[PDB]
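Enquirer: Here you go, this is my_file_14.cif (mmCIF, C-alpha atoms and all ligand atoms).
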data_model
#
loop_
_atom_site.label_atom_id
_atom_site.label_comp_id
_atom_site.auth_asym_id
_atom_site.auth_seq_id
_atom_site.Cartn_x
_atom_site.Cartn_y
_atom_site.Cartn_z
CA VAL A 131 -2.81 1.73 -24.53
CA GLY A 132 -5.90 3.77 -25.59
CA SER A 133 -7.92 0.50 -25.70
CA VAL A 134 -6.47 -0.52 -22.25
CA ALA A 135 -7.59 2.86 -20.73
CA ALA A 136 -11.00 2.35 -22.47
CA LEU A 137 -11.36 -1.21 -21.02
CA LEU A 138 -10.50 0.14 -17.52
CA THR A 139 -13.13 2.96 -17.77
CA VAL A 140 -15.84 0.41 -18.87
CA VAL A 141 -14.90 -2.01 -16.00
CA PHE A 142 -14.85 0.94 -13.52
CA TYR A 143 -18.35 2.10 -14.50
CA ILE A 144 -19.87 -1.44 -14.66
CA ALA A 145 -18.35 -2.33 -11.24
CA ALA A 146 -19.55 1.01 -9.69
CA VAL A 147 -23.03 0.37 -11.14
CA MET A 148 -23.00 -3.22 -9.62
CA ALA A 149 -21.61 -1.98 -6.25
CA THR A 150 -24.23 0.89 -5.98
CA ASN A 151 -26.93 -1.81 -6.40
CA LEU A 152 -25.34 -4.47 -4.15
CA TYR A 153 -24.16 -2.38 -1.14
CA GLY A 154 -25.79 1.06 -1.61
CA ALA A 155 -28.72 0.59 0.81
CA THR A 156 -26.64 -1.16 3.50
CA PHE A 157 -23.39 0.93 3.13
CA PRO A 158 -24.59 4.43 1.88
CA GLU A 159 -21.43 6.44 2.86
CA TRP A 160 -19.32 4.23 0.55
CA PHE A 161 -21.76 3.00 -2.19
CA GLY A 162 -24.87 5.25 -1.83
CA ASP A 163 -24.67 6.71 -5.36
CA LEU A 164 -22.55 6.00 -8.53
CA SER A 165 -20.14 8.86 -7.49
CA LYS A 166 -19.59 7.48 -3.95
CA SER A 167 -19.11 3.98 -5.56
CA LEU A 168 -16.54 5.27 -8.18
CA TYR A 169 -14.57 6.94 -5.32
CA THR A 170 -14.62 3.77 -3.10
CA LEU A 171 -13.60 1.47 -5.99
CA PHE A 172 -10.72 3.86 -6.91
CA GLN A 173 -9.59 3.65 -3.20
CA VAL A 174 -10.03 -0.18 -3.24
CA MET A 175 -8.03 -0.30 -6.52
CA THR A 176 -5.08 1.63 -4.91
CA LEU A 177 -5.46 -1.00 -2.01
CA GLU A 178 -5.89 1.66 0.76
CA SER A 179 -7.98 0.11 3.68
CA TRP A 180 -9.58 -2.25 1.12
CA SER A 181 -10.11 -5.05 3.67
CA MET A 182 -10.16 -3.68 7.30
CA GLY A 183 -11.72 -0.37 6.19
CA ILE A 184 -14.20 -1.54 3.48
CA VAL A 185 -14.56 -5.32 2.70
CA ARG A 186 -14.49 -6.75 6.30
CA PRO A 187 -17.29 -4.22 7.36
CA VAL A 188 -19.18 -5.05 4.08
CA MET A 189 -18.78 -8.82 4.60
CA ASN A 190 -20.43 -8.56 8.05
CA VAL A 191 -23.74 -7.85 6.19
CA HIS A 192 -22.93 -9.64 2.85
CA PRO A 193 -20.68 -12.68 3.62
CA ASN A 194 -19.77 -13.22 -0.07
CA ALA A 195 -18.76 -9.54 -0.79
CA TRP A 196 -15.20 -10.97 -1.38
CA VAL A 197 -16.48 -12.58 -4.70
CA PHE A 198 -16.89 -9.00 -6.05
CA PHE A 199 -13.91 -7.16 -4.48
CA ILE A 200 -11.09 -9.80 -4.74
CA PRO A 201 -11.71 -10.37 -8.56
CA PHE A 202 -12.12 -6.54 -8.92
CA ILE A 203 -8.65 -6.00 -7.31
CA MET A 204 -7.05 -8.77 -9.42
CA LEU A 205 -8.53 -7.32 -12.68
CA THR A 206 -8.00 -3.54 -12.06
CA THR A 207 -4.53 -3.71 -10.37
CA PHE A 208 -3.20 -5.91 -13.27
CA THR A 209 -4.80 -3.56 -15.90
CA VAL A 210 -3.41 -0.35 -14.20
CA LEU A 211 0.12 -1.88 -14.06
CA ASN A 212 -0.23 -3.12 -17.72
CA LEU A 213 -1.44 0.39 -18.78
CA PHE A 214 1.43 2.26 -17.00
CA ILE A 215 4.00 -0.20 -18.50
CA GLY A 216 2.32 0.29 -21.94
CA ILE A 217 2.74 4.13 -21.71
CA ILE A 218 6.49 3.82 -20.79
CA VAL A 219 7.14 1.14 -23.52
CA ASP A 220 5.36 3.17 -26.31
CA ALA A 221 7.14 6.46 -25.34
CA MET A 222 10.59 4.73 -25.52
CA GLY B 130 15.39 12.09 -19.35
CA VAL B 131 15.67 10.97 -15.64
CA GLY B 132 17.03 14.32 -14.37
CA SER B 133 14.14 16.12 -16.13
CA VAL B 134 11.64 13.55 -14.66
CA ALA B 135 12.97 14.23 -11.09
CA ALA B 136 12.80 18.00 -11.90
CA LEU B 137 9.15 17.71 -13.13
CA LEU B 138 8.24 15.78 -9.92
CA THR B 139 9.83 18.44 -7.64
CA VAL B 140 7.94 21.28 -9.49
CA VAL B 141 4.59 19.33 -9.28
CA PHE B 142 5.28 18.58 -5.57
CA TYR B 143 5.86 22.26 -4.71
CA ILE B 144 2.93 23.58 -6.84
CA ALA B 145 0.56 20.95 -5.32
CA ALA B 146 1.78 21.71 -1.74
CA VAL B 147 1.31 25.45 -2.40
CA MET B 148 -2.29 24.75 -3.72
CA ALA B 149 -3.10 22.34 -0.82
CA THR B 150 -1.79 24.82 1.88
CA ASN B 151 -4.21 27.40 0.44
CA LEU B 152 -7.19 25.05 -0.12
CA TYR B 153 -7.18 22.97 3.12
CA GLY B 154 -4.76 24.82 5.46
CA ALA B 155 -7.36 26.70 7.52
CA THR B 156 -9.79 23.76 7.79
CA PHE B 157 -7.15 20.93 8.19
CA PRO B 158 -4.09 22.65 9.88
CA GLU B 159 -2.34 19.44 11.21
CA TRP B 160 -2.07 18.14 7.61
CA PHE B 161 -1.93 21.30 5.42
CA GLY B 162 -1.26 24.21 7.88
CA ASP B 163 2.06 25.27 6.31
CA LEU B 164 4.00 24.37 3.08
CA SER B 165 6.13 21.86 5.15
CA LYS B 166 3.05 20.07 6.62
CA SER B 167 1.56 20.01 3.06
CA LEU B 168 4.79 18.55 1.45
CA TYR B 169 4.78 15.79 4.14
CA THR B 170 1.03 14.96 3.63
CA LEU B 171 1.37 14.88 -0.19
CA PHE B 172 4.44 12.55 0.11
CA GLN B 173 2.26 10.26 2.36
CA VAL B 174 -0.68 10.52 -0.13
CA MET B 175 1.76 9.74 -2.99
CA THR B 176 2.95 6.49 -1.21
CA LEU B 177 -0.88 5.78 -0.82
CA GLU B 178 -0.72 5.34 3.00
CA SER B 179 -4.21 6.27 4.52
CA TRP B 180 -4.77 8.54 1.50
CA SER B 181 -8.57 8.06 1.52
CA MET B 182 -9.82 6.93 5.02
CA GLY B 183 -7.08 8.91 6.82
CA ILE B 184 -6.89 12.11 4.68
CA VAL B 185 -9.30 12.58 1.69
CA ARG B 186 -12.58 11.24 3.24
CA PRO B 187 -12.07 13.57 6.35
CA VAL B 188 -11.12 16.46 3.93
CA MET B 189 -14.16 15.77 1.70
CA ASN B 190 -16.50 16.15 4.71
CA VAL B 191 -15.68 19.92 4.62
CA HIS B 192 -14.73 20.22 0.86
CA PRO B 193 -16.90 17.72 -1.12
CA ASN B 194 -14.82 18.11 -4.33
CA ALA B 195 -11.38 17.55 -2.64
CA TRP B 196 -11.15 14.36 -4.85
CA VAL B 197 -10.61 16.65 -7.96
CA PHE B 198 -7.23 17.62 -6.42
CA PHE B 199 -6.08 14.35 -4.77
CA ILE B 200 -7.17 11.68 -7.35
CA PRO B 201 -5.38 13.55 -10.29
CA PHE B 202 -2.41 14.19 -7.88
CA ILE B 203 -2.14 10.40 -7.17
CA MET B 204 -2.48 9.50 -10.88
CA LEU B 205 0.24 12.04 -11.90
CA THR B 206 2.80 11.49 -9.06
CA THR B 207 2.54 7.66 -8.76
CA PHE B 208 2.99 7.29 -12.58
CA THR B 209 5.96 9.77 -12.55
CA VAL B 210 7.67 8.03 -9.52
CA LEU B 211 7.30 4.58 -11.23
CA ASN B 212 8.55 6.07 -14.58
CA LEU B 213 11.53 7.70 -12.75
CA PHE B 214 12.53 4.50 -10.85
CA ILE B 215 12.26 2.44 -14.09
CA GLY B 216 14.35 5.13 -15.88
CA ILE B 217 17.16 4.86 -13.26
CA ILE B 218 17.29 1.01 -13.52
CA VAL B 219 17.15 1.06 -17.40
CA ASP B 220 19.95 3.70 -17.74
CA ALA B 221 22.24 1.94 -15.17
CA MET B 222 21.89 -1.41 -17.06
CA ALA B 223 22.70 0.27 -20.45
CA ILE B 224 25.79 1.98 -18.86
CA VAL C 131 21.83 -9.08 -7.34
CA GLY C 132 23.85 -10.71 -4.49
CA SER C 133 25.58 -7.32 -3.90
CA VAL C 134 22.14 -5.54 -4.01
CA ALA C 135 20.75 -7.95 -1.32
CA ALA C 136 24.01 -7.38 0.67
CA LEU C 137 23.66 -3.54 0.42
CA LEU C 138 20.00 -3.81 1.60
CA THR C 139 20.96 -5.98 4.64
CA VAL C 140 23.74 -3.47 5.64
CA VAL C 141 21.31 -0.47 5.26
CA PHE C 142 18.61 -2.39 7.22
CA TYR C 143 20.95 -3.10 10.15
CA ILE C 144 22.53 0.41 10.21
CA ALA C 145 19.05 2.06 10.07
CA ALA C 146 17.68 -0.29 12.82
CA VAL C 147 20.76 0.51 14.96
CA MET C 148 20.15 4.32 14.39
CA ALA C 149 16.37 4.01 15.03
CA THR C 150 16.87 1.95 18.30
CA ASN C 151 19.09 4.84 19.53
CA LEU C 152 16.92 7.72 18.26
CA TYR C 153 13.38 6.55 19.20
CA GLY C 154 13.91 3.53 21.52
CA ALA C 155 13.41 5.33 24.85
CA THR C 156 10.44 7.41 23.64
CA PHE C 157 8.73 4.74 21.42
CA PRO C 158 9.71 1.32 23.06
CA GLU C 159 6.92 -0.83 21.45
CA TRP C 160 8.27 0.04 17.97
CA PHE C 161 12.03 0.76 18.49
CA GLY C 162 12.83 -0.60 22.02
CA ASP C 163 15.43 -3.14 20.84
CA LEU C 164 17.21 -3.94 17.49
CA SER C 165 14.58 -6.71 16.81
CA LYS C 166 11.57 -4.38 17.39
CA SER C 167 13.38 -1.77 15.16
CA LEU C 168 14.08 -4.32 12.30
CA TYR C 169 10.36 -5.31 12.38
CA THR C 170 9.12 -1.64 12.31
CA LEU C 171 11.51 -0.67 9.49
CA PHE C 172 10.40 -3.73 7.44
CA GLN C 173 6.75 -2.55 7.97
CA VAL C 174 7.74 1.07 7.07
CA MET C 175 9.56 -0.29 3.97
CA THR C 176 6.35 -2.12 2.78
CA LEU C 177 4.60 1.33 3.46
CA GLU C 178 1.95 -0.13 5.85
CA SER C 179 0.81 2.66 8.33
CA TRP C 180 4.23 4.31 7.84
CA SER C 181 2.88 7.85 8.45
CA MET C 182 -0.44 7.78 10.46
CA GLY C 183 0.62 4.66 12.40
CA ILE C 184 4.38 5.33 12.98
CA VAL C 185 5.96 8.64 11.72
CA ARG C 186 3.15 11.13 12.70
CA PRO C 187 3.15 9.69 16.34
CA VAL C 188 7.02 9.74 16.30
CA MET C 189 7.11 13.33 14.94
CA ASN C 190 4.96 14.54 17.87
CA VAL C 191 8.04 13.92 20.13
CA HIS C 192 10.81 14.32 17.45
CA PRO C 193 9.64 16.95 14.88
CA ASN C 194 12.42 16.06 12.39
CA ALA C 195 11.81 12.22 12.43
CA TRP C 196 10.83 12.65 8.70
CA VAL C 197 14.59 13.31 7.87
CA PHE C 198 15.23 9.65 8.82
CA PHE C 199 12.08 7.87 7.56
CA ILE C 200 11.41 9.68 4.20
CA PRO C 201 15.06 9.08 2.93
CA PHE C 202 14.83 5.49 4.39
CA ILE C 203 11.64 4.85 2.30
CA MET C 204 13.18 6.40 -0.85
CA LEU C 205 16.39 4.28 -0.49
CA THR C 206 14.86 0.89 0.56
CA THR C 207 11.75 0.92 -1.72
CA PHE C 208 13.98 1.74 -4.78
CA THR C 209 16.54 -0.97 -3.77
CA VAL C 210 13.78 -3.65 -3.18
CA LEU C 211 12.21 -2.88 -6.61
CA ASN C 212 15.73 -2.86 -8.25
CA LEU C 213 16.54 -6.22 -6.53
CA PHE C 214 13.25 -7.93 -7.60
CA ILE C 215 13.73 -6.65 -11.20
CA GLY C 216 17.37 -7.91 -11.07
CA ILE C 217 16.22 -11.46 -10.07
CA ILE C 218 13.65 -11.60 -12.96
CA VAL C 219 16.16 -10.15 -15.53
CA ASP C 220 19.02 -12.58 -14.53
CA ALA C 221 16.67 -15.66 -14.56
CA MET C 222 15.45 -14.79 -18.12
CA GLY D 130 6.41 -20.52 -17.19
CA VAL D 131 3.35 -18.32 -16.24
CA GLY D 132 0.95 -21.26 -15.77
CA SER D 133 3.52 -22.94 -13.46
CA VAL D 134 4.01 -19.59 -11.56
CA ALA D 135 0.20 -19.32 -10.97
CA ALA D 136 0.23 -23.04 -9.94
CA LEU D 137 3.14 -22.46 -7.45
CA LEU D 138 1.25 -19.44 -5.97
CA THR D 139 -1.99 -21.47 -5.49
CA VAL D 140 -0.05 -24.33 -3.74
CA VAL D 141 1.81 -21.81 -1.45
CA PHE D 142 -1.53 -20.03 -0.72
CA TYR D 143 -3.26 -23.26 0.34
CA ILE D 144 -0.26 -24.61 2.37
CA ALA D 145 0.14 -21.22 4.15
CA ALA D 146 -3.65 -20.99 4.87
CA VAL D 147 -3.58 -24.57 6.21
CA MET D 148 -0.55 -23.66 8.48
CA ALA D 149 -2.14 -20.32 9.59
CA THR D 150 -5.56 -21.98 10.42
CA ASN D 151 -3.64 -24.37 12.72
CA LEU D 152 -1.23 -21.79 14.23
CA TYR D 153 -3.57 -18.82 14.91
CA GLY D 154 -7.12 -20.23 14.45
CA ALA D 155 -7.94 -20.79 18.13
CA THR D 156 -6.40 -17.51 19.33
CA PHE D 157 -7.48 -15.27 16.34
CA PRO D 158 -10.76 -16.91 15.01
CA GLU D 159 -12.13 -13.85 13.04
CA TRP D 160 -8.97 -13.88 10.88
CA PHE D 161 -7.79 -17.55 10.88
CA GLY D 162 -10.77 -19.55 12.29
CA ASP D 163 -11.30 -21.70 9.17
CA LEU D 164 -9.35 -22.30 5.88
CA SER D 165 -11.66 -19.72 4.12
CA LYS D 166 -11.04 -16.98 6.76
CA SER D 167 -7.27 -17.81 6.51
CA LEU D 168 -7.22 -17.61 2.62
CA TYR D 169 -8.95 -14.18 2.85
CA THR D 170 -6.50 -12.84 5.54
CA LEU D 171 -3.42 -14.08 3.63
CA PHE D 172 -4.74 -12.44 0.40
CA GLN D 173 -5.12 -9.16 2.43
CA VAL D 174 -1.61 -9.64 3.96
CA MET D 175 -0.24 -10.33 0.44
CA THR D 176 -1.70 -6.97 -0.88
CA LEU D 177 0.00 -5.44 2.29
CA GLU D 178 -3.23 -3.81 3.61
CA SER D 179 -2.97 -3.50 7.51
CA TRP D 180 -0.58 -6.48 7.46
CA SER D 181 1.37 -5.28 10.54
CA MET D 182 -0.75 -2.85 12.69
CA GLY D 183 -4.02 -4.62 11.77
CA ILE D 184 -2.92 -8.32 11.76
CA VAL D 185 0.72 -9.26 12.70
CA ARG D 186 1.28 -6.87 15.69
CA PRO D 187 -2.06 -8.11 17.33
CA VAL D 188 -1.04 -11.75 16.46
CA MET D 189 2.48 -11.26 17.86
CA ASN D 190 1.02 -10.17 21.23
CA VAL D 191 -0.05 -13.85 21.73
CA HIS D 192 2.61 -15.54 19.45
CA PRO D 193 5.85 -13.45 19.64
CA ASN D 194 7.46 -15.27 16.67
CA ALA D 195 4.44 -14.87 14.27
CA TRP D 196 6.82 -12.69 12.11
CA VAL D 197 8.73 -15.93 11.10
CA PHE D 198 5.58 -16.98 9.20
CA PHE D 199 4.24 -13.64 7.85
CA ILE D 200 7.49 -11.81 6.81
CA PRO D 201 8.73 -14.84 4.67
CA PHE D 202 5.10 -15.22 3.38
CA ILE D 203 5.10 -11.55 2.21
CA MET D 204 8.58 -11.85 0.65
CA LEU D 205 7.61 -15.07 -1.25
CA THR D 206 4.04 -14.14 -2.41
CA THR D 207 4.67 -10.44 -3.32
CA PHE D 208 7.75 -11.44 -5.42
CA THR D 209 5.77 -14.30 -7.11
CA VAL D 210 2.71 -12.04 -7.86
CA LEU D 211 5.00 -9.34 -9.39
CA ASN D 212 6.93 -12.06 -11.36
CA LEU D 213 3.59 -13.55 -12.59
CA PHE D 214 2.11 -10.16 -13.69
CA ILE D 215 5.39 -9.26 -15.49
CA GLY D 216 5.35 -12.74 -17.13
CA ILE D 217 1.79 -12.19 -18.50
CA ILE D 218 2.70 -8.73 -19.98
CA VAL D 219 6.04 -10.02 -21.47
CA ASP D 220 4.43 -13.13 -23.12
CA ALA D 221 1.47 -11.11 -24.56
CA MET D 222 3.90 -8.56 -26.16
CA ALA D 223 6.04 -11.38 -27.70
CA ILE D 224 2.83 -13.04 -29.10
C1 LIG E 301 -10.35 6.37 -11.99
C2 LIG E 301 -11.62 7.20 -11.90
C3 LIG E 301 -12.04 7.56 -10.48
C4 LIG E 301 -13.21 8.53 -10.43
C5 LIG E 301 -13.55 9.05 -9.04
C6 LIG E 301 -14.74 10.00 -9.01
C7 LIG E 301 -15.11 10.47 -7.63
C8 LIG E 301 -16.40 11.25 -7.52
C9 LIG E 301 -16.75 11.51 -6.06
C10 LIG E 301 -17.84 12.55 -5.87
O1 LIG E 301 -17.96 13.48 -6.66
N1 LIG E 301 -18.67 12.41 -4.81
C11 LIG E 301 -18.61 11.28 -3.87
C12 LIG E 301 -17.61 11.47 -2.76
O2 LIG E 301 -17.21 10.21 -2.27
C13 LIG E 301 -19.80 13.31 -4.59
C14 LIG E 301 -19.54 14.64 -3.86
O3 LIG E 301 -18.24 14.66 -3.29
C15 LIG E 301 -19.77 15.90 -4.70
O4 LIG E 301 -18.99 15.84 -5.89
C16 LIG E 301 -21.25 16.18 -4.98
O5 LIG E 301 -21.89 16.56 -3.76
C17 LIG E 301 -21.52 17.25 -6.04
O6 LIG E 301 -20.51 18.26 -6.07
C18 LIG E 301 -21.74 16.68 -7.45
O7 LIG E 301 -21.89 17.71 -8.42
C1 LIG E 302 14.03 -7.79 5.82
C2 LIG E 302 14.42 -8.29 7.21
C3 LIG E 302 13.35 -8.07 8.28
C4 LIG E 302 13.70 -8.72 9.61
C5 LIG E 302 12.59 -8.68 10.65
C6 LIG E 302 12.97 -9.32 11.98
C7 LIG E 302 11.89 -9.22 13.02
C8 LIG E 302 12.29 -9.66 14.42
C9 LIG E 302 11.17 -9.36 15.41
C10 LIG E 302 11.34 -10.04 16.75
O1 LIG E 302 11.89 -11.13 16.83
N1 LIG E 302 10.89 -9.40 17.86
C11 LIG E 302 10.28 -8.06 17.83
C12 LIG E 302 8.81 -8.07 17.51
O2 LIG E 302 8.44 -6.83 16.96
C13 LIG E 302 11.08 -9.94 19.21
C14 LIG E 302 10.08 -10.98 19.72
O3 LIG E 302 8.94 -11.07 18.86
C15 LIG E 302 10.65 -12.38 19.97
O4 LIG E 302 11.29 -12.86 18.79
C16 LIG E 302 11.57 -12.44 21.20
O5 LIG E 302 10.78 -12.26 22.38
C17 LIG E 302 12.39 -13.72 21.33
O6 LIG E 302 11.72 -14.87 20.80
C18 LIG E 302 13.81 -13.61 20.75
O7 LIG E 302 14.50 -14.85 20.81
NA NA E 303 0.88 -0.32 -1.45
NA NA E 304 -0.60 0.25 1.05
NA NA E 305 -3.73 1.53 6.34
#
As structure tokens, what does this structure read like?
Expert:
Amino acid sequence: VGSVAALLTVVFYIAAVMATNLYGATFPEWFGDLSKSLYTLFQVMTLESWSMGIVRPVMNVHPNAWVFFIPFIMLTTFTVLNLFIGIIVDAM
Amino acid sequence: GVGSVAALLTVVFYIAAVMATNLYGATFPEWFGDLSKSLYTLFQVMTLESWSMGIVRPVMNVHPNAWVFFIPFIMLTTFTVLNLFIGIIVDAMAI
Amino acid sequence: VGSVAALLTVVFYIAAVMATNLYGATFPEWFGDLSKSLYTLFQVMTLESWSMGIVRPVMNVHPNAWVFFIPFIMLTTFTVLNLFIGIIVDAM
Amino acid sequence: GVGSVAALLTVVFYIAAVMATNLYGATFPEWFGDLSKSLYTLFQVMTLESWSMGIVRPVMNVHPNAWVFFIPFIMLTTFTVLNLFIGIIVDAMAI
């Protein structure tokens, strides 16, 4: 549980560092600085406008942007679910 | 204890809707103008429908730290709702 | 499980009958006929644009529309989750 | 059997993306123009992001029965994904 939350924080910072670098100059409102990146990736993780709102606009400049976001969604959504289940299981 | 979980959620929902009415009511009246409008918006935000693009990003354009309220709200309420729904299903199977 | 799926089908038809009647004349693209209603309520159940896309526009004509949709979401989302868990538990 | 579940999902994803490319490719080329565009749209539809307002409702304006493909697709894939993720967590706890 504590290790799961630690893994998620590491992945969140590494991904937000990568995203700032990859799409920061082209998409500054969403990935302009580490803070803007951490906010966008949290939004993308919850799945709110991930494609129509973020990825489809991003792919119009970077056609492979899906190689970053789709694996990010698969990894973080599974981890978040696994973490929440882990909290409930340990408390019981 | 299921009933206590639902009670905790109702308290958190009213406290948050009181806080939100005060924080964003004057600037964003269609969404947080009164306690009722606030309770509706926070239910929407809790389900995750247009939470960012639709609500938080427009709210952050006036209040840049609005994320300090909404992100912890989402983390707390979504976990509690999940925990509550699991608790109902687990207790009904045992009984 | 079979009874859960049966309860959901009854609730889906009753709600789509109610919705056709309540918002059919005012919102015909979404609730014009039982079919359009069953499609909208399935969308609302999955939570896609339930508020900004459907309920907020509907509330502008019917200010209490939330008394129908919010309890509908609470009932159907819980039942769907309970049904899917029930399938997985019975198969194991 | 986890590995078989992931295998079933991949088969369903390719079959559905083949079917969708054929059905809506000429009418909706930005979303279903090629197998790649189709696999991306169906992943989006599977996560439920703008599935109706963004994709299906525009698609139904040309193909009124499009719901016969997408609604069963959502029911099948979302259940399988949930079942797969639960299967991973259950097997890791047992081992
Ligand atoms: C799961 C973990 C998710 C963490 C999410 C962190 C979000 C941080 C967002 C943020 O702070 N900003 C980007 C907004 O998108 C910047 C501004 O809103 C504002 O904070 C600044 O101007 C200054 O106040 C900094 O001191
Ligand atoms: C969980 C259960 C969810 C059931 C969902 C059922 C959706 C039915 C939607 C539907 O069929 N239509 C509304 C579209 O919103 C009508 C048209 O698309 C079209 O079917 C008709 O014109 C004729 O073909 C009828 O024979
Ligand atoms: Na969702
Ligand atoms: Na959603
Ligand atoms: Na949306």
Enquirer: My list of candidates is C:137, C:200, C:164, C:191. Which is closest to ligand LIG 302 (chain E) when distances are computed with all atoms listed in the file?
Expert: C:164
Enquirer: With only C-alpha atoms and all ligand atoms as the basis for distance, which of A:131, A:144, A:195, A:175 is at the shortest distance from ligand NA 304 (chain E)?
Expert: A:175
Enquirer: Once you count all atoms listed in the file, which residues end up within 9 Å of ligand LIG 302 (chain E), and could you hand them over as a ChimeraX atom specification?
Expert: /C:138-139,142-143,159-173,175 /D:186,189-190,192-197,200-201,204
Enquirer: Write the residues you've just listed into a file as a PDB file, in the coordinates of the input, and include C-alpha atoms for each of them.
Expert:
ATOM      1  CA  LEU C 138      20.000  -3.810   1.600  1.00  0.00           C
ATOM      2  CA  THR C 139      20.960  -5.980   4.640  1.00  0.00           C
ATOM      3  CA  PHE C 142      18.610  -2.390   7.220  1.00  0.00           C
ATOM      4  CA  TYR C 143      20.950  -3.100  10.150  1.00  0.00           C
ATOM      5  CA  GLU C 159       6.920  -0.830  21.450  1.00  0.00           C
ATOM      6  CA  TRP C 160       8.270   0.040  17.970  1.00  0.00           C
ATOM      7  CA  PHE C 161      12.030   0.760  18.490  1.00  0.00           C
ATOM      8  CA  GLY C 162      12.830  -0.600  22.020  1.00  0.00           C
ATOM      9  CA  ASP C 163      15.430  -3.140  20.840  1.00  0.00           C
ATOM     10  CA  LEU C 164      17.210  -3.940  17.490  1.00  0.00           C
ATOM     11  CA  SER C 165      14.580  -6.710  16.810  1.00  0.00           C
ATOM     12  CA  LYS C 166      11.570  -4.380  17.390  1.00  0.00           C
ATOM     13  CA  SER C 167      13.380  -1.770  15.160  1.00  0.00           C
ATOM     14  CA  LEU C 168      14.080  -4.320  12.300  1.00  0.00           C
ATOM     15  CA  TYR C 169      10.360  -5.310  12.380  1.00  0.00           C
ATOM     16  CA  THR C 170       9.120  -1.640  12.310  1.00  0.00           C
ATOM     17  CA  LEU C 171      11.510  -0.670   9.490  1.00  0.00           C
ATOM     18  CA  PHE C 172      10.400  -3.730   7.440  1.00  0.00           C
ATOM     19  CA  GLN C 173       6.750  -2.550   7.970  1.00  0.00           C
ATOM     20  CA  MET C 175       9.560  -0.290   3.970  1.00  0.00           C
TER      21      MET C 175
ATOM     22  CA  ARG D 186       1.280  -6.870  15.690  1.00  0.00           C
ATOM     23  CA  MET D 189       2.480 -11.260  17.860  1.00  0.00           C
ATOM     24  CA  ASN D 190       1.020 -10.170  21.230  1.00  0.00           C
ATOM     25  CA  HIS D 192       2.610 -15.540  19.450  1.00  0.00           C
ATOM     26  CA  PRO D 193       5.850 -13.450  19.640  1.00  0.00           C
ATOM     27  CA  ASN D 194       7.460 -15.270  16.670  1.00  0.00           C
ATOM     28  CA  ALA D 195       4.440 -14.870  14.270  1.00  0.00           C
ATOM     29  CA  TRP D 196       6.820 -12.690  12.110  1.00  0.00           C
ATOM     30  CA  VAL D 197       8.730 -15.930  11.100  1.00  0.00           C
ATOM     31  CA  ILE D 200       7.490 -11.810   6.810  1.00  0.00           C
ATOM     32  CA  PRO D 201       8.730 -14.840   4.670  1.00  0.00           C
ATOM     33  CA  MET D 204       8.580 -11.850   0.650  1.00  0.00           C
TER      34      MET D 204
END
Enquirer: So which residues touch residue D:148 within 12 Å, counting all atoms listed in the file, skipping near sequence neighbours fewer than 2 positions away, as a list in words?
Expert: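 Here the answer would be residues 141, 142, 143, 144, 145, 146, 150, 151, 152, 153, 154, 161, 162, 163, 164, 167, 168, 171, 195, 198, 199 and 202 of chain D.
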Enquirer: Using all atoms listed in the file, what does the table of stretch 175-203 of chain A residues within 9 Å of stretch 174-177 of chain B look like, with each row giving the shortest atom pair and its distance in Å to one decimal, sorted by chain and ascending number, as a tab-separated table?
Expert:
residue	atom	partner	partner_atom	distance
A:176	CA	B:177	CA	7.2
A:177	CA	B:177	CA	8.3
A:178	CA	B:177	CA	6.7
Enquirer: So what do you get for atom CA of residue C:203 versus atom CA of residue B:218, distance-wise?
Expert: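 Between atom CA of residue C:203 and atom CA of residue B:218 the gap works out to 17.2 Å.
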Enquirer: Mind dumping a table of every chain B residue within 8 Å of chain C, with the nearest atom pair and its distance in Å to one decimal, using only C-alpha atoms, sorted by chain and rising number, as CSV?
Expert:
residue,atom,partner,partner_atom,distance
B:173,CA,C:181,CA,6.6
B:176,CA,C:177,CA,7.2
B:178,CA,C:179,CA,6.2
B:179,CA,C:182,CA,7.2
B:183,CA,C:182,CA,7.7
B:214,CA,C:208,CA,6.8
B:218,CA,C:212,CA,6.7
Enquirer: Just give me the gap between atom CA of residue A:157 and atom CA of residue A:193 in Å, one decimal is fine.
Expert: 13.9 Å
Enquirer: Mind giving me the straight-line distance from atom CA of residue A:141 to atom CA of residue A:220 in Å, one decimal?
Expert: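 Taking atom CA of residue A:141 and atom CA of residue A:220, their separation equals 23.3 Å.
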Enquirer: Specify the axis-aligned box that encloses all atoms of ligand LIG 301 (chain E) listed in the file after padding of 3 Å on each side, stating its centre and edge lengths in Å to one decimal as AutoDock Vina command-line options.
Expert:
--center_x -16.1 --center_y 12.3 --center_z -7.1 --size_x 17.5 --size_y 17.9 --size_z 15.7
Enquirer: Compare A:155, A:210, A:134, A:148 by their minimum atom-to-atom distance to ligand LIG 301 (chain E), counting only C-alpha atoms and all ligand atoms, and give me the closest one.
Expert: A:210
Enquirer: Which one of B:180, B:170, B:157, B:140 sits closest to ligand NA 303 (chain E) if you count all atoms listed in the file?
Expert: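 Closest to ligand NA 303 (chain E) of all the choices is B:180.
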Enquirer: Between C:174, C:187, C:213, C:197, single out the one closest to ligand NA 304 (chain E), counting all atoms listed in the file.
Expert: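 Answer, going by the shortest atom-to-atom distance: C:174.
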Enquirer: Tell me, as an MDAnalysis selection string, which residues lie within 12 Å of residue B:220, counting all atoms listed in the file; anything in the same chain fewer than 6 positions away does not count.
Expert: chainID B and resid 130:132 213:214
Enquirer: Select, from C:206, C:198, C:154, C:184, the residue with the minimum atom-to-atom distance to ligand NA 305 (chain E), counting only C-alpha atoms and all ligand atoms.
Expert: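 Among C:206, C:198, C:154, C:184, it is C:184 that comes nearest to ligand NA 305 (chain E).
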